[PDB]
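A.B. asks: I'd like to ask some things about the structure below.
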Amino acid sequence: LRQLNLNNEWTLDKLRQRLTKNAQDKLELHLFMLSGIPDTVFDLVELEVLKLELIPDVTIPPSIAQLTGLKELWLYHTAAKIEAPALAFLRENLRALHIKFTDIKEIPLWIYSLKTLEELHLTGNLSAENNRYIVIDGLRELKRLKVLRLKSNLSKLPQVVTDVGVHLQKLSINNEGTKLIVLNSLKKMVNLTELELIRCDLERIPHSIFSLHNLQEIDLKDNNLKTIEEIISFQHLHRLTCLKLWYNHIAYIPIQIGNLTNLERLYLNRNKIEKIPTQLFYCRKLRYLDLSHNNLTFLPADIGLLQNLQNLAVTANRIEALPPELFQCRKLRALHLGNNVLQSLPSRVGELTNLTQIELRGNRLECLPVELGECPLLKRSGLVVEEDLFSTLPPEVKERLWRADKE
């Protein structure tokens with residue numbers, strides 16, 4: 001009767017109305033506080049992301065094999081019970097498995113028998129008596145993993161992950177403030193490209209970080225680096241392209257940072273940098289620069305050495321003037337310049353063409369230059385601006401912008 005009523009209350013049409021999409025632009029279904037999975041879910045054939053959230057001890061019927069495109073699977077606080085045809089279709093189709101738990105028994109024993117598993121986030125503590133990485137000891141059987149996110153309050157890394165890393169390319173461990181013992185056991189990360197130590201609180205960089213030649217994304221977020229001194233040994237690593245050093249206690253950048261040229265998305269936001277140097281603008285390949293929440297004394301001119309730069313966020317700084325060199329760069333799009341001490345924007349901003357989004361709530365801009373209205377790609381959604389100084393502009397320019405908005 002409960003299953004019959006579950007199909008009665010949750011119909012295919014209602015599921016289609018609730019059907020949503022995930023971060024990967026894949027068809028997801030968020031089933032929150034359900035007694036079970038209705039068979040109307042399993043009548044689908046195009047579903048790819050089956051998300052199961054807080055369902056007490058559900059039993060998965062074989063009709064999941066009908067969901068022909070099924071690739072992801074989200075288990076959040078859900079004890080899952082599955083059978084063999086389901087295991088077959090998941091061994092031939094399923095390449096992702098997102099397990100969130102607060103207990104060992106919430107983690108099922110079937111999930112280690114998949115023959116196509118590729119993406120895998122384990123959320124919840126995996127260290128226990130006879131169960132520290134022995135909950136999940138079947139991760140040797142999974143020989144195609146490529147992404148491993150571990151929000152587990154972890155203190156050590158298993159060697160078996162290092163063995164899997166021949167094909168694994170992303171390992172992000174969240175530990176809520178627990179230091180792991182690396183001990184240079186990570187050097188089998190030949191295929192790793194994105195080592196993301198979130199809230200690791202390392203305060204130091206081990207040699208295994210700058211020994212792994214394929215690493216391209218390095219963010220030592222919330223690791224309380226007072227000093228960063230290990231960038232010199234990164235030149236053996238030919239593939240580093242993005243140093244998003246954000247949310248850290250970094251007091252100063254040494255001038256040797258001017259030696260780099262190849263970075264694009266240099267995100268040094270949420271730090272304690274006293275001033276941006278001209279050396280940092282020796283990097284010619286920068287396409288994105290975020291310096292939000294810093295103690296920058298002013299904005300120098302050499303910021304205009306960035307021709308390919310697309311978004312620039314020097315938000316929450318102490319910056320008064322934008323130089324004409326910055327406006328020689330034609331590719332500025334997202335200028336998050338707000339909550340600053342900007343005196344004025346020099347009229348050479350008329351050289352700008354590709355401006356899309358700007359934030360000016362805050363600052364000290366006495367009146368809007370009409371050049372801010374000149375930017376074509378900058379629309380009303382992008383021009384987040386005060387209204388009175390917009391009214392100071394001639395009404396017909398405002399009418400032209402309005403007609404561009406509405407036609």
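Sequential numbering from 1, following the chain as shown.
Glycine is no exception: its Cβ is also placed from the backbone N, Cα and C atoms.
Reproduced below are the annotations present in Swiss-Prot:
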REPEAT    10-21  repeat 'LRR 1'
REPEAT    92-114  repeat 'LRR 5'
REPEAT    117-141  repeat 'LRR 6'
REPEAT    142-164  repeat 'LRR 7'
REPEAT    189-212  repeat 'LRR 9'
REPEAT    213-236  repeat 'LRR 10'
REPEAT    238-260  repeat 'LRR 11'
REPEAT    261-283  repeat 'LRR 12'
REPEAT    285-306  repeat 'LRR 13'
REPEAT    307-329  repeat 'LRR 14'
REPEAT    353-375  repeat 'LRR 16'
REPEAT    377-400  repeat 'LRR 17'
A.B. asks: Over the span of the repeat 'LRR 7' (142-164), count residues by DSSP class, listing helix, strand and coil in order.
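C.D. replies: Helix, strand, coil within the repeat 'LRR 7' (142-164): 6 helix, 5 strand, 12 coil.
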A.B. asks: Which bits of the chain, at least 6 residues beyond where the repeat 'LRR 9' (189-212) starts or stops, bring a Cβ under 8 A of a Cβ in it?
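C.D. replies: Long-range Cβ neighbours of the repeat 'LRR 9' (189-212): 162, 165-180, 182, 218-226, 228-230, 233-234, 236-237, 239.
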A.B. asks: Give the nonlocal contacts of the repeat 'LRR 16' (353-375) in its own chain as ranges (CB under 8 Å, at least six residues past its ends).
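C.D. replies: For the repeat 'LRR 16' (353-375), the nonlocal Cβ contacts are 315, 320, 330-345, 347, 381-386, 389-390, 392-394, 397-398, 401.
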